[PDB]
């Protein structure tokens, strides 16, 4: 694969799911070897694990006093389309959640790619590796292509489900929205988050009900979204990844922990 960028600057705006504030993104084209980096109030924040500052309910990056919340969905979409060089100008403190998935991001960026002059320097999983955390576990091993599998165990009716993404099946996970359980909400609201969450950007699930009148987009939309989240967090490795990943009840914190590990020994 060749490094890629966008043909022209792309704009996305809307409310951030956690800040409740309105924000805007401007994806600017960059040259080969530039990498992926965010831009806010004069500072450039590399989409790398060294800059992660929060992993509860979202993955946030920060540097020199500037923080950007929820970079995972845009990062995931970017990772899936192999865009390797762009500056993401952020006007606000959080990426717009939009519809909760990566559809609007995917559609736009997809029909605006620009192949550049350089073979992508993929991050390859050389040796196996596993990170655990009281019940949770993420196993990563060598693979020619990107293969991500998430297996969740829900207290609710979804029971236990697992979904697998393989290169070429991008459209199967880009439409999977952000989801939360009614019982989580009071907590998320208490800790200062979810200020911008509604049934328009979040899929709310009860012990046996789906609050959204629209319903689920797939019988397993939640695990598909967890795969989507993990693919976004993986991009924090600095470059497109190739490897077989299996996450069991994984999340951002653990996702980020796996990356830091993969970074160390490889």
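Positions refer to the first chain, counted from 1.
Looking at mean Cα B-factors across 153-161 and 70-78, the upper value is held by 153-161. Taking the mean C-alpha B-factor of each stretch as recorded, 182-190 and 129-137 are not equal, and the higher mean is that of 129-137. Across the residues 29, 222, 240, 232, the deposited record lists the maximum Cα B factor for 29.
Per the deposited record, the Cα B-factor of residue 10 falls in the highest third when ranked against the other modelled residues of its chain. Ranked by C-alpha B-factor against the other modelled residues of its chain, residue 217 falls in the middle third. Annotation for residue 87: CA B-factor lies in the middle third of the chain's modelled residues. Among the modelled residues of its chain, residue 173 has a C-alpha B-factor that falls in the middle third according to the deposited record. In the PDB entry, residue 93 places in the middle third of its chain by CA B-factor.
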